[PDB]
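Take a look at the structure below.
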Amino acid sequence: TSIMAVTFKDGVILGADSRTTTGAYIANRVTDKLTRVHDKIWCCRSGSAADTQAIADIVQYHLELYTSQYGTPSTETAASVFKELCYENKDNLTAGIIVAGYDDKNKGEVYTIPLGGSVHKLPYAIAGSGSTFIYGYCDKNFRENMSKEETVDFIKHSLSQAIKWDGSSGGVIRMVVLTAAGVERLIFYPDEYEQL
Amino acid sequence: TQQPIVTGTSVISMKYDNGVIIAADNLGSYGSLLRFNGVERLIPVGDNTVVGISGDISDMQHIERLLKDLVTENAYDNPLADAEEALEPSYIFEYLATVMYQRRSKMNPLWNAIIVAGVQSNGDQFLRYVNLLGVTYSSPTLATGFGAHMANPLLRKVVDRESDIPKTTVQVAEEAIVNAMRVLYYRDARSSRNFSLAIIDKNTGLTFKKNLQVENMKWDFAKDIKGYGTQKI
Amino acid sequence: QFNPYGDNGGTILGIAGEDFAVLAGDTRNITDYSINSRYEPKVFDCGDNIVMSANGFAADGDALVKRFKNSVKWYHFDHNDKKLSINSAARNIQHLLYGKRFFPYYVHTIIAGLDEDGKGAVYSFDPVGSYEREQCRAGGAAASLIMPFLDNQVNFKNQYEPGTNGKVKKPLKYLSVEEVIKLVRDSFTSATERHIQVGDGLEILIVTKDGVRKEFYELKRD
Amino acid sequence: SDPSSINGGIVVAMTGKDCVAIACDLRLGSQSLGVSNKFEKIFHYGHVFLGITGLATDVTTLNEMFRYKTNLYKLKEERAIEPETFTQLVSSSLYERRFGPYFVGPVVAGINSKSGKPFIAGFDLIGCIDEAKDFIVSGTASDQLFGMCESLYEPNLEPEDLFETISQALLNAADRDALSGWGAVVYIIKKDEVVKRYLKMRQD
Amino acid sequence: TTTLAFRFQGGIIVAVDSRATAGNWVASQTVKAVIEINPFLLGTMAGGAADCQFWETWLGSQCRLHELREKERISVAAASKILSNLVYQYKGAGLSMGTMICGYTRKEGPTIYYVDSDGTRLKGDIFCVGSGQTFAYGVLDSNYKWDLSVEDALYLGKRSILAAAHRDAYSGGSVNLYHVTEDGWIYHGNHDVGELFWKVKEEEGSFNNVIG
Amino acid sequence: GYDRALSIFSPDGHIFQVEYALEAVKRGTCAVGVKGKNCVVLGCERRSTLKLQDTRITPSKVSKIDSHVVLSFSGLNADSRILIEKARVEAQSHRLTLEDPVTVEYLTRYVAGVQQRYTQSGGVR
Amino acid sequence: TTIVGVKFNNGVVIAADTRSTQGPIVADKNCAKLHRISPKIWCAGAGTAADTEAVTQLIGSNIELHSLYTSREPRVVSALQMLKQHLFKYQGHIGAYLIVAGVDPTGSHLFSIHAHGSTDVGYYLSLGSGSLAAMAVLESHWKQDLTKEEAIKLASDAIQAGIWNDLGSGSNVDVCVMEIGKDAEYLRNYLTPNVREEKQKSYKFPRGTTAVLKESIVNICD
Amino acid sequence: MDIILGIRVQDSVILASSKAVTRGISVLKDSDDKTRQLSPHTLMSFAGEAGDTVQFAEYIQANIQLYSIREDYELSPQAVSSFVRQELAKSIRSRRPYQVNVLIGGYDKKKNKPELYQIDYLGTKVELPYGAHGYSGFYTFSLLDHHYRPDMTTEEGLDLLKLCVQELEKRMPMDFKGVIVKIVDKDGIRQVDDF
Amino acid sequence: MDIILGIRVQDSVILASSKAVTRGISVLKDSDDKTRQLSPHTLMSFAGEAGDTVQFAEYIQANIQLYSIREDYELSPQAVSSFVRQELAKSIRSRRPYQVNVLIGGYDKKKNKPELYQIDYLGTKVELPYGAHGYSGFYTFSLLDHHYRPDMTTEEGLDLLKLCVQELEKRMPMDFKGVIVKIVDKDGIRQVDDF
Ligand SMILES: *[C@@](C)(CO)[C@](*)(O)[C@H](CC(C)C)NC(=O)[C@H](Cc1ccccc1)NC(=O)[C@H](CC(C)C)NC(=O)[C@H](CCc1ccccc1)NC(=O)CN1CCOCC1
Ligand SMILES: *[C@@](C)(CO)[C@](*)(O)[C@H](CC(C)C)NC(=O)[C@H](Cc1ccccc1)NC(=O)[C@H](CC(C)C)NC(=O)[C@H](CCc1ccccc1)NC(=O)CN1CCOCC1
Ligand SMILES: *[C@@](C)(CO)[C@](*)(O)[C@H](CC(C)C)NC(=O)[C@H](Cc1ccccc1)NC(=O)[C@H](CC(C)C)NC(=O)[C@H](CCc1ccccc1)NC(=O)CN1CCOCC1
Ligand SMILES: [Cl-]
Ligand SMILES: [Mg+2]
Ligand SMILES: [Mg+2]
């Protein structure tokens, strides 16, 4: 996997590749690693496909039950539920999750949750095997309060390089845009991003 | 006792009515890292043979040097080096097959899988495989690594047995090879889009094609796929 | 760690008649769950009316056959073109195999031909050189399936004369080349049904005083 | 220390014209040592026959267990259990011990009393059903039995002919296995008569 | 395997079975476990088939070279020691052999030497080697006397192999008998255990545990 | 290693080095062997130009090769010690492998074989 | 095993081969790998044979009870969710690899489930040892907007690729078509391209061949 | 624990069990009785892991004695053997199994027949004319195959048994310090003091 | 191979060595002589790994006999023991060491004294009044500490030796089939036939 989430002026954008592997065989070349846990709280999944799915399903259940009682949860609250599961079951899980959401008060927020189950709130986050190859690029090119189009280009160029160097990453580049306007899904095919 | 470091993935090939086709991508992987992108894994020997190599690249470069030296050695005191006493595909293969088996028998193998494709002096098609263990076999279609699992099934739909070879044209055969390379790009995590392809014909001779790309890919249906089960958005 | 051995599958079968002998083997070559070739012969005419097959790890099998063929060649040079008898060939092969006792050829070897009285002969070897002459022998992946069938149909084991209260055994007798090929074909079609490494094709080499003849038959390709 | 090949033994079952046959060897050993030549591996509950190969303690245990269950079945249902139903009971019971299984290779054989149809089935140690028209094999000489049965068998054999085919399949397979043999028994099963024959075989 | 050889009034009896196995798979029922080193020396074979076959054939070549050089037959002691000294050089390499070198000479009389792959060399009157050795020992020990007739001795050796063939799963097939005298060895036939068992059961009244 | 062929044929078909070795034997003190009906006796000459000798410690002319075989000689004394040593070693080696002491013929054949080897080996006389 | 699933215009089709293995041995030459969870929800299973049957029957049982409780036709996502949560709980120890497909009031669906509890969505999927051979065909010939007859052809062609090229797969091709508004049609042995050829000889024995020691009538009655 | 034998003859069952108890390089005792009376006409010998053997034997003994008191009736050897087998069959899949092999020699008073059952630690039961556990069988079975007849007397059985012990004393590596022999018949259980 | 003992008394050295040769669960021989005469007044007993024992003993025997012929003179027990120790000392650092333990009993004709040397497979030499190899020592040493006196006769030594064998036969787990006893004194080497 190569995944990332980036905050910007109007909110936050999640990005991911579409490759699922079993050794060197690509079990799924059109995977959707960007998953909804609430209307405007989504997550990027890396690590075990089984573990991350089971976790995301439980979180979605918790946040649905939260909403029934206490109304819309914060992105911090969602990240806390993810953490609780990842930390307390750290011995049996292989999950690297990035939580991203849009509040009206707090705007765009990004929380990353590595293997140990620690939580880290950041302006932007990168994760997955392919992230290693773009630490240098992303650090040099990221700016706060970018526009939607700039953020889309930043994610596109970044994941393009991650995909280029990482054999465990590839396929299409999926993106999910979270703003006050709503939820927008984006897709970008090889013929476009490869020749960037 | 070795472990391969910089590696090359599948090599695929097949026979057709007048000759043989062989192909392999231009990638030199370093584990999961797709490190080197300008690697040529098809190596011509003379104007009638092409050796396709997968596996360890350092050992591939060693084999290149052996084949290059073989051509030099054959020319020594040989007035018919470019005629009757030129190197045949069968000669080149048997040499490599001898080396591979000797190296495995010394517990120090050349960590490769090799396919020697060519046309003999009498016009007969030559296509034979050899690997790090010294194991050899021949078939109308041959492939290494993932190609064995994914390409062979596709190529065998064209040439399922010996009698299908005269019925298969170079246009049909090349089409199948190029299609197979696309499928490997879809499904092999250590493959690249860029590849080389070689045709050895008994009439038109050796045609070596570089810098080919996988094209006419299907990705559009991906936009319709959402979530992993229930998710609607 | 590097493993110098491999399993190329396949199975072979040698039957001896009165004035002939057959050595059959399927033409399928495999690694793990993949097919490498649907027609890769592993039964060879080695000269002097000797046919040979070394089944198991193909690289070791090819090396052995190659060395024995070369042994036959030098036997002619060193001994005034004398014909290498099947028994002399067997003993020579023992020394080839045992010469690598501490790094063996992973093959079951079988040879067939005629003895010095003109009668059919089959010899079978273990990987390190122990050999024995037999009327009947199956080797390879499906040997466990085929061999007890041969015991029953070739050597008439467990078969008693009807009405004799299981006191009189069914009498041993030589089979015709026609009856033997029937058993070979039925042996391999049965093995093909129940063993995944067996199929594609069947190549039989028949040996008489006249020479070495070949016969080929299709097998199921699944 | 492989539970399925400590005691040794084999079972085979075949179908014929309006009949079924099931057969087994009589050996029970402890690896190389032969201990008993009277250890029958075929049992019956009403008209349903069950053969069991593998670890002998589990063979005995399962016989006692299916006798237990079929006796209660009959008391509640007021009728004898049929082969198709029994087959499912065996599968259920084995899978109940999925992560601590009985090391066995059972084989069901019988004729449905209502439809008159011949029925045989085989299982793995965790209960996977292997239904078949022709034959089922089980034991330490299963490879040998597969080879004999696949070549000797033909459909619609009469009881008297079927007896010869199954007996020869068992005998010649048992003689190529060290851990099987030491006697044999064959059950020929017709709609309303059952014949049991002990075979003469080599005792080595 | 089961092989035995014992010394008695009338020379030496050698008896072996004919089974060979690869795990539980019975590879052969017709193996020659007695190897004829020469017209006067016999060697039994147990353990590795190839190791025994190869080196005891080699032994016969060395014994032939001895009598060419010395113009005299090789002693059983000298023949057994050539084999034992050879396998001792290969100790640790993984040879598997349990053999009995049996012979009759003037100076020695009837002599048996147990020779094994870990270097052991023992002279003795009675030896049983193989996976079924214990079963054969039981019958042999309880019925053995020095003053056995040649007829009774041949039967005892045959009966002891049968005992092992019956109980030991990895023993059976047939029984090969040999009688060794000063003038050489005499082969006393191949005896299928299938027919031999029932014959012995009926005539002797033994094996009541078996249904006949 | 010194390789020179010292023992070689001459035009008349003689190997002079072997024949000159016989002259050295002819120079040596006389030695005689006589065998009776139940015994053998080995007699040996000792030259009397050497007085003030210590006969306790002086090497004896007759040497035991084993407890049942003896060896006397004529010729170069230093050379004899080498043959005697080799013979004694072979005597023990024979007992070890054949489990029986050497015959007199066998021991002789061995010693004679050693002597012959030195007539067509390079670098030796 | 080779199993596949292909979506089309008005529904979904799944297919499977019919070989069951026990190591290198073919245990069942015609086993059914297509399972019914509910009338219009079917499942193709690969991996541990007992696990795929047991888990498909358990979820099928609970789906029936759920359908009765809710007075509604069962949905594929319910079977999917129930299966994956069961498989996840056992951490891969239940070796069931499934392709789940069907039609329900929501529409037509196609999923795959792996032993550890991960699910995938697709228009075409393949699982089992012959999945690579099958996927090669699917990647070569699949397109959007397939008809019923085109999807059956593509599915069976993908299974055939596994039958011929994968040693783990063989024998026949089973198919199940689940179309919207129609009853699901289970096509057992849709293709039978591996029929055993006539044997060369009949091995029917003369009566009395087998030696017998004892006979006795067995009492099956009360 | 090592050698236990059993021979069923015409009118009785004879059990022979070694007297040695060895731990390390020391024979701690040479007069150990490796048997327990389960009921007046049923005797069980045992061999296996230290501690487990006696603990198991006495546990079975207690259960059979409890049954006898409750019903005022003696269980048949067949019934006792089945009870014992089931206990071992349970045991083998426990957290820590009983590593004990047993022979059960009994006289059925209803049938007027002697009965010998051999049960190993896995719960593998067989009725036999003669039986053994451990390495003993590798010598005795072939010997008994030859010399055993079904119609033998108790005295003939004891001579047959002496023949087994002699063979074991000749060919066994370990010194097992002889055997305690006990006879089970219609009149109950008694010990042979001079063997 | 297992039990070898040695006792030096006033005028002689007595060696006792077990007769059993065991392989697996079978006693292959019960009359094995685990000793070789190195010279007329020097005897060596041995025990250890199969094959190595005899091969080593005979190799030493050949070397000492060669020396005797060459010099027409018998080496002293001290000299022979030192030669043997050095061979084992070389061996222990070889590719495949001799796993053989020996006792060397000899009578020195120049000193007119008996001498007993104990040498293990490492090349560890000690001169002792009494010695043993293997598990035998664990019983015999304490017994000899109590009963042994330096001025004992050969007959007293044999009775002392009988006391050791009896204790071994009582407490040792394995049956070693008795011992062959040999005496070394001024008149050379002789075997006690009735022990
Ligand atoms: C990139 C690839 C790596 O960072 C991404 O993180 C993606 C995440 C997406 C899918 C959300 N990761 C994967 O694709 C993931 C890679 C992986 C593998 C093993 C452990 C962790 C991560 N792949 C999987 O989870 C596959 C998905 C299946 C094919 C649908 N599952 C496997 O590879 C299973 C995993 C078993 C497992 C191991 C350890 C922890 C949890 C689960 N492994 C196998 O099936 C083993 N396989 C058997 C056949 O022989 C080859 C090995
Ligand atoms: C009784 C019968 C059992 O011990 C006897 O001891 C007999 C004596 C007769 C055979 C002379 N012994 C055997 O039968 C002996 C058992 C044995 C095997 C291996 C080591 C020690 C003892 N059997 C063999 O040696 C068989 C003889 C064959 C069946 C003719 N051979 C094998 O098992 C061979 C080679 C084994 C081996 C020995 C040493 C180094 C390497 C290998 N193995 C195979 O044939 C396996 N298979 C052959 C087909 O190709 C794939 C490998
Ligand atoms: C293709 C053919 C292979 O990939 C398919 O995937 C099919 C699936 C269909 C049948 C639903 N798979 C098999 O046929 C499968 C392959 C396999 C084997 C072993 C482990 C995993 C997968 N075969 C089986 O499941 C057979 C079914 C038999 C023929 C009825 N079962 C076995 O081979 C069992 C394995 C049981 C098992 C237990 C615990 C964990 C995993 C598997 N093995 C045995 O029965 C062998 N043995 C017999 C002697 O007694 C001891 C057990
Ligand atoms: Cl996923
Ligand atoms: Mg196939
Ligand atoms: Mg047997």
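Labels for the structure tokens follow display order: chains A, B, ..., residues from 1 in each chain, ligands from 1.
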
Which residues come within 6 Å of region 89-102 of chain G, counting only C-alpha atoms, excluding same-chain residues fewer than 2 positions away, as a PyMOL selection string?
chain G and resi 40-48+51-52+86-87+108-116+178

Contacts of residue 191 (chain D) at 7 Å or less, counting only C-alpha atoms, minus same-chain residues fewer than 6 places along, as JSON, numbers by chain?
{"D": [19, 111, 116]}

Selection file, N, CA, C and O atoms, as a tab-separated table (two decimals), in the first residue's frame:
chain	number	residue	atom	x	y	z
D	19	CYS	N	-26.92	-53.68	-5.33
D	19	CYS	CA	-26.12	-54.19	-4.21
D	19	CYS	C	-24.94	-53.27	-3.91
D	19	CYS	O	-24.55	-52.45	-4.73
D	111	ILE	N	-27.85	-49.81	1.57
D	111	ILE	CA	-28.93	-49.65	0.61
D	111	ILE	C	-30.11	-48.98	1.30
D	111	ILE	O	-30.55	-49.42	2.36
D	116	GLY	N	-34.41	-48.25	-2.45
D	116	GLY	CA	-33.66	-49.42	-2.93
D	116	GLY	C	-32.33	-49.07	-3.58
D	116	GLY	O	-31.66	-49.95	-4.13

At a cut-off of 7 Å, can you tabulate as CSV every residue of chain D near ligand 3 together with its closest atom pair and the distance in Å to one decimal, using only C-alpha atoms and all ligand atoms and ordering rows by chain then number?
residue,atom,partner,partner_atom_place_in_ligand_line,distance
D:4,CA,ligand 3,50 (O),5.0
D:54,CA,ligand 3,50 (O),6.6
D:103,CA,ligand 3,50 (O),6.0
D:104,CA,ligand 3,50 (O),6.0
D:105,CA,ligand 3,50 (O),6.2
D:123,CA,ligand 3,30 (C),5.5
D:124,CA,ligand 3,45 (O),4.5
D:125,CA,ligand 3,45 (O),5.9
D:126,CA,ligand 3,38 (C),6.4
D:128,CA,ligand 3,30 (C),5.1
D:129,CA,ligand 3,30 (C),6.2
D:130,CA,ligand 3,30 (C),5.5
D:139,CA,ligand 3,49 (C),6.9

Please produce a file of the residues just selected, as an mmCIF file, in the first residue's frame, where the atoms kept are N, CA, C and O atoms.
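out_9.cif written:
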data_model
loop_
_atom_site.group_PDB
_atom_site.id
_atom_site.type_symbol
_atom_site.label_atom_id
_atom_site.label_comp_id
_atom_site.auth_asym_id
_atom_site.auth_seq_id
_atom_site.Cartn_x
_atom_site.Cartn_y
_atom_site.Cartn_z
ATOM 1 N N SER D 4 -2.417 -41.563 12.193
ATOM 2 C CA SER D 4 -3.115 -42.288 11.132
ATOM 3 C C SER D 4 -2.363 -43.523 10.612
ATOM 4 O O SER D 4 -2.954 -44.338 9.903
ATOM 5 N N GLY D 54 -7.639 -45.917 10.565
ATOM 6 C CA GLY D 54 -6.874 -44.899 11.274
ATOM 7 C C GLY D 54 -6.444 -45.369 12.647
ATOM 8 O O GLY D 54 -6.152 -46.550 12.844
ATOM 9 N N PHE D 103 -8.544 -39.237 14.572
ATOM 10 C CA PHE D 103 -7.652 -39.565 13.461
ATOM 11 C C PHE D 103 -8.147 -40.808 12.740
ATOM 12 O O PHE D 103 -7.614 -41.904 12.915
ATOM 13 N N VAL D 104 -9.178 -40.613 11.925
ATOM 14 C CA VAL D 104 -9.869 -41.716 11.269
ATOM 15 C C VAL D 104 -10.183 -41.420 9.806
ATOM 16 O O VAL D 104 -10.113 -40.274 9.356
ATOM 17 N N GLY D 105 -10.533 -42.479 9.081
ATOM 18 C CA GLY D 105 -10.961 -42.385 7.688
ATOM 19 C C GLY D 105 -12.176 -43.267 7.472
ATOM 20 O O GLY D 105 -12.052 -44.380 6.959
ATOM 21 N N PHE D 123 -15.131 -40.158 4.060
ATOM 22 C CA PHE D 123 -14.861 -38.903 4.761
ATOM 23 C C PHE D 123 -13.379 -38.742 5.048
ATOM 24 O O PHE D 123 -12.636 -39.724 5.101
ATOM 25 N N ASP D 124 -12.963 -37.494 5.246
ATOM 26 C CA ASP D 124 -11.667 -37.211 5.856
ATOM 27 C C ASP D 124 -11.870 -37.106 7.373
ATOM 28 O O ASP D 124 -13.001 -37.193 7.862
ATOM 29 N N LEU D 125 -10.778 -36.926 8.109
ATOM 30 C CA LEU D 125 -10.817 -36.969 9.580
ATOM 31 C C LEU D 125 -11.675 -35.872 10.242
ATOM 32 O O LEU D 125 -12.120 -36.044 11.380
ATOM 33 N N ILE D 126 -11.907 -34.766 9.533
ATOM 34 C CA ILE D 126 -12.715 -33.652 10.063
ATOM 35 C C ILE D 126 -14.129 -33.574 9.460
ATOM 36 O O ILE D 126 -14.859 -32.612 9.710
ATOM 37 N N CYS D 128 -15.406 -34.080 5.999
ATOM 38 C CA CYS D 128 -15.764 -33.777 4.607
ATOM 39 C C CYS D 128 -16.323 -35.010 3.916
ATOM 40 O O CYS D 128 -15.668 -36.048 3.869
ATOM 41 N N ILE D 129 -17.524 -34.881 3.365
ATOM 42 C CA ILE D 129 -18.187 -36.003 2.711
ATOM 43 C C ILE D 129 -17.650 -36.173 1.290
ATOM 44 O O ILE D 129 -17.524 -35.204 0.534
ATOM 45 N N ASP D 130 -17.327 -37.418 0.954
ATOM 46 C CA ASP D 130 -16.894 -37.802 -0.383
ATOM 47 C C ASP D 130 -17.860 -38.873 -0.892
ATOM 48 O O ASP D 130 -17.674 -40.065 -0.638
ATOM 49 N N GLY D 139 -7.376 -45.753 4.269
ATOM 50 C CA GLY D 139 -6.344 -46.465 5.011
ATOM 51 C C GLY D 139 -4.924 -46.149 4.592
ATOM 52 O O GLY D 139 -4.671 -45.215 3.830
#

Got a sec: who's within 12 Å of residue 119 (chain I), counting only C-alpha atoms, leaving out chain neighbours fewer than 2 positions off, as number ranges by chain?
I: 4, 6, 44-47, 80-89, 99-105, 116-117, 121-128, 131-134

Taken to one decimal, the CA of residue 143 (chain G)-CA of residue 22 (chain B) distance is 27.7 Å

Kindly provide, as a PyMOL selection string, the residues of chain H having any atom no farther than 9 Å from an atom of chain I, counting only C-alpha atoms.
chain H and resi 20+22-28+30+135+169-177

Please produce an output containing N, CA, C and O atoms for each residue in the selection, written as a compact mmCIF listing (two decimals), in the first residue's frame.
# COMPACT_ATOMS: atom_id res chain seq x y z
N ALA H 20 11.65 -55.46 38.94
CA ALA H 20 12.59 -54.35 39.06
C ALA H 20 11.90 -53.00 39.00
O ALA H 20 10.95 -52.80 38.24
N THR H 22 13.62 -49.30 38.49
CA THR H 22 14.88 -48.63 38.21
C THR H 22 14.66 -47.13 38.05
O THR H 22 13.70 -46.70 37.41
N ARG H 23 15.57 -46.35 38.63
CA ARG H 23 15.58 -44.90 38.45
C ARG H 23 17.03 -44.48 38.25
O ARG H 23 17.85 -44.60 39.16
N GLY H 24 17.35 -43.99 37.05
CA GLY H 24 18.72 -43.60 36.71
C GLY H 24 19.63 -44.80 36.53
O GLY H 24 19.30 -45.72 35.77
N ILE H 25 20.76 -44.80 37.22
CA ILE H 25 21.71 -45.92 37.17
C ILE H 25 21.61 -46.83 38.40
O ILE H 25 22.55 -47.55 38.73
N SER H 26 20.46 -46.79 39.07
CA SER H 26 20.25 -47.57 40.30
C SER H 26 18.94 -48.35 40.27
O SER H 26 17.88 -47.79 39.97
N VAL H 27 19.03 -49.64 40.58
CA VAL H 27 17.85 -50.47 40.79
C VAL H 27 17.40 -50.25 42.24
O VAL H 27 17.99 -50.80 43.16
N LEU H 28 16.36 -49.44 42.42
CA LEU H 28 15.89 -49.07 43.75
C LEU H 28 15.20 -50.21 44.49
O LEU H 28 15.23 -50.28 45.72
N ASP H 30 13.78 -54.62 43.91
CA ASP H 30 13.79 -55.84 43.10
C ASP H 30 12.69 -56.83 43.51
O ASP H 30 12.81 -58.04 43.29
N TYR H 135 8.84 -53.76 24.91
CA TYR H 135 9.77 -54.51 24.05
C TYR H 135 9.64 -56.03 24.23
O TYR H 135 10.13 -56.79 23.39
N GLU H 169 15.49 -63.05 29.56
CA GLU H 169 16.72 -62.98 30.37
C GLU H 169 17.99 -63.17 29.54
O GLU H 169 19.05 -62.68 29.92
N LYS H 170 17.88 -63.87 28.41
CA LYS H 170 19.01 -64.10 27.51
C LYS H 170 19.30 -62.92 26.59
O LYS H 170 20.46 -62.55 26.40
N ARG H 171 18.25 -62.32 26.02
CA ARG H 171 18.40 -61.34 24.94
C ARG H 171 18.06 -59.89 25.29
O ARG H 171 18.41 -58.97 24.54
N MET H 172 17.38 -59.66 26.41
CA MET H 172 17.06 -58.29 26.84
C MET H 172 18.30 -57.60 27.41
O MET H 172 19.07 -58.21 28.15
N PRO H 173 18.50 -56.31 27.08
CA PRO H 173 19.65 -55.56 27.60
C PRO H 173 19.59 -55.31 29.11
O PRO H 173 20.61 -55.42 29.78
N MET H 174 18.41 -54.97 29.62
CA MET H 174 18.26 -54.59 31.03
C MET H 174 17.98 -55.79 31.93
O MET H 174 17.33 -56.76 31.53
N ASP H 175 18.48 -55.71 33.16
CA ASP H 175 18.20 -56.70 34.20
C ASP H 175 16.87 -56.32 34.88
O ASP H 175 16.79 -55.31 35.58
N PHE H 176 15.85 -57.14 34.67
CA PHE H 176 14.51 -56.86 35.20
C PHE H 176 14.19 -57.65 36.48
O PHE H 176 13.05 -57.62 36.96
N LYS H 177 15.19 -58.35 37.02
CA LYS H 177 15.10 -59.01 38.33
C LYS H 177 13.97 -60.03 38.45
O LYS H 177 13.30 -60.10 39.48

Find the residues in chain E near chain I: any atom within 6 Å counts, using only C-alpha atoms. Write them as a list in words.
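Filtering chain E at 6 Å from chain I with only C-alpha atoms gives residues 118, 119 and 120 of chain E.
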
I need the residues in chain F that are helix (DSSP H, G or I) according to DSSP; give them as a PyMOL selection string.
chain F and resi 16-27+77-98+104-117

Okay, now the selection with C-alpha atoms, as a short mmCIF file (atom, residue, chain, number, x, y, z; two decimals), in the first residue's frame?
data_model
loop_
_atom_site.label_atom_id
_atom_site.label_comp_id
_atom_site.auth_asym_id
_atom_site.auth_seq_id
_atom_site.Cartn_x
_atom_site.Cartn_y
_atom_site.Cartn_z
CA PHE F 16 74.96 -51.59 -14.75
CA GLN F 17 73.69 -50.00 -11.51
CA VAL F 18 71.98 -53.28 -10.59
CA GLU F 19 75.11 -55.25 -11.55
CA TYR F 20 77.36 -52.88 -9.58
CA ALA F 21 75.04 -53.37 -6.60
CA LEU F 22 75.91 -57.09 -6.89
CA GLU F 23 79.61 -56.16 -6.62
CA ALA F 24 78.82 -54.46 -3.30
CA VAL F 25 77.22 -57.72 -2.16
CA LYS F 26 80.34 -59.61 -3.30
CA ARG F 27 82.44 -57.28 -1.11
CA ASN F 77 75.08 -52.59 6.24
CA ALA F 78 73.28 -49.23 6.19
CA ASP F 79 71.10 -50.36 3.25
CA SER F 80 70.07 -53.56 5.07
CA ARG F 81 68.50 -51.61 7.97
CA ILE F 82 66.02 -49.97 5.57
CA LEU F 83 64.87 -53.34 4.18
CA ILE F 84 64.64 -54.86 7.67
CA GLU F 85 62.54 -51.95 8.97
CA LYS F 86 60.10 -52.12 6.03
CA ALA F 87 59.83 -55.90 6.44
CA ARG F 88 59.12 -55.61 10.18
CA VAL F 89 56.37 -53.03 9.51
CA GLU F 90 54.79 -55.21 6.81
CA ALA F 91 54.92 -58.19 9.19
CA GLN F 92 52.81 -56.33 11.78
CA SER F 93 50.50 -54.92 9.08
CA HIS F 94 49.82 -58.45 7.78
CA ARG F 95 48.89 -59.66 11.29
CA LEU F 96 46.56 -56.67 11.64
CA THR F 97 44.57 -57.16 8.40
CA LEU F 98 44.78 -60.93 7.73
CA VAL F 104 58.19 -66.85 4.70
CA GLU F 105 57.39 -66.77 0.97
CA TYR F 106 55.13 -63.72 1.38
CA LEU F 107 57.71 -61.80 3.44
CA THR F 108 60.41 -62.64 0.88
CA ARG F 109 58.13 -61.58 -2.00
CA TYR F 110 57.56 -58.23 -0.25
CA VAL F 111 61.26 -57.55 0.42
CA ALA F 112 62.14 -58.62 -3.14
CA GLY F 113 59.41 -56.30 -4.46
CA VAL F 114 60.93 -53.38 -2.54
CA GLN F 115 64.37 -54.17 -4.00
CA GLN F 116 62.89 -54.34 -7.51
CA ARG F 117 61.05 -51.02 -7.09
#

If we count only C-alpha atoms and set the cut-off at 7 Å, which residues sit around region 202-209 of chain G, ignoring sequence neighbours fewer than 2 positions away in its own chain? Please answer as an MDAnalysis selection string.
(chainID C and resid 159:163) or (chainID D and resid 152 161 164) or (chainID G and resid 211)
